[PDB]
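Engineer: sequence isn't available, so here's the structure alone:
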Ligand SMILES: Nc1ncccc1CO
């Protein structure tokens with residue numbers, strides 16, 4: 001089997017991407033944020049505290065003939081950005097792009113933090129990291145990908161995120177029309193439950209490539225590219241008037257600037273992030289200070305290859321016995 005679904009940016013800055021997912025019988029379609037940095041499939045639901053729902057589509061298990069309470073099971077998650085949600089668990093049929101899993105754990109939110117309530121366009125999360133990070137207790141549950149894997153033509157999914165445009169998530173096959181050149185594969189460590197890999201270095205604009213190992217994770221649910229402070233300072237030093245602002249919470253730059261590209265290494269291959277991808281617009285409406293798409297990872301404890309980076313590439317998440325990541329230009 002295979003599945004193919006279009007992913008659409010929620011706003012004009014590509015802060016996140018939503019992908020329609022069918023849950024239950026008859027289908028309830030919710031728009032979920034596919035997140036390769038976490039391992040819970042959770043939804044706004046009929047059980048969500050009413051004051052914490054503001055425009056989201058909700059899953060109502062009582063209206064699904066295939067929904068079953070997973071008795072006793074609870075979940076609670078906290079994310080890199082301070083947001084959280086918690087609740088109880090149903091099993092139900094879940095379909096993405098034509099690919100169906102029966103008996104998928106659907107985590108129903110009773111509580112969500114303010115950042116979720118405020119995002120009316122995101123009806124929940126579909127986690128695509130390793131199932132070792134799943135928060136269901138007392139019985140940990142599998143991700144949608146882990147449940148689908150055995151049925152798939154190939155044990156893979158691909159992320160093809162658009163710049164200010166829709167893209168695609170594919171399950172079970174590699175669309176050889178979706179990328180240019182070849183795919184370079186690189187080793188993954190699953191020791192922390194993430195798609196953790198080692199970049200081979202970077203370049204700023206037309207500058208020389210610096211060979212240096214940068215461990216990090218490929219995280220579709222993280223907007224920006226977080227890299228060591230040395231690398232980030234080297235990038236922003238090429239933009240006149242850029243500075244790190246403690247008041248704003250990162251590097252900002254004049255919105256009159258033309259930003260240089262950023263290149264990262266994947267083995268002997270190179271992925272180029274155009275400068276425009278690094279512009280996250282005014283810090284506040286009407287400001288002439290713009291927020292940068294490349295930020296320091298110092299304090300976060302890990303480097304994150306978020307959407308600023310992955311949207312520049314066709315990315316293969318290879319879930320074979322020995323997982324690997326693949327990157328191609330597009
Ligand atoms: N990957 C993620 N998923 C959900 C919330 C936050 C992040 C990253 O901080």
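Structural biologist: Alright, I've got the coordinates. Numbers count the residues shown, from 1 in each chain.
Engineer: so where do the strands sit in the stretch 101-250 of the chain?
Structural biologist: Assigned by DSSP state E, counting those that start in this stretch, the strands in the stretch 101-250 of the chain fall at 124-127, 156-160, 167-171, 184-187, 196-204, 210-218, 225-227, 243-245, 250-254.
Engineer: out of the ones you listed, which gets nearest to the ligand?
Structural biologist: Closest to the ligand of the strands of the stretch 101-250 of the chain is strand 124-127 (C-beta to the nearest ligand atom; 6.1 Å). Yep, even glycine has a C-beta here, placed from its N, CA and C like the rest.
Engineer: what pairs with the closest one, parallel or antiparallel?
Structural biologist: Applying DSSP bridges, strand 124-127 is found paired with strand 28-35 (parallel), strand 41-43 (antiparallel).
Engineer: pull the residues that contact stretch 262-272.
Structural biologist: With contact meaning C-beta atoms under 8 Å, 6 or more residues apart in numbering, stretch 262-272 is reached by 182, 184-186, 199-205, 209, 211, 214, 225, 235, 261, 273, 275, 278, 294, 305, 309, 312-313, 325, 327, 329.
Engineer: circling back: now the strands of the stretch 101-250 of the chain as TSV including distance to residue 24 and mean neighbour count?
Structural biologist: As requested, these are exported to TSV (distance: least, C-beta to C-beta, whole Å; neighbours: other C-beta atoms under 10 Å):
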stretch	distance to residue 24	mean neighbour count
strand 124-127	13	27
strand 156-160	22	24
strand 167-171	19	23
strand 184-187	37	16
strand 196-204	34	20
strand 210-218	30	17
strand 225-227	36	27
strand 243-245	46	14
strand 250-254	41	20
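Engineer: go through these and name the closest to residue 142.
Structural biologist: Among the strands of the stretch 101-250 of the chain, the nearest to residue 142 by C-beta to C-beta is strand 124-127 (10.3 Å).
Engineer: ok so, going back, take the strands of the stretch 101-250 of the chain and lay them out in CSV including distance to residue 116.
Structural biologist: Putting the strands of the stretch 101-250 of the chain into CSV (distance: least, C-beta to C-beta, whole Å) gives the following:
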stretch, distance to residue 116
strand 124-127, 9
strand 156-160, 22
strand 167-171, 21
strand 184-187, 33
strand 196-204, 26
strand 210-218, 22
strand 225-227, 21
strand 243-245, 26
strand 250-254, 22
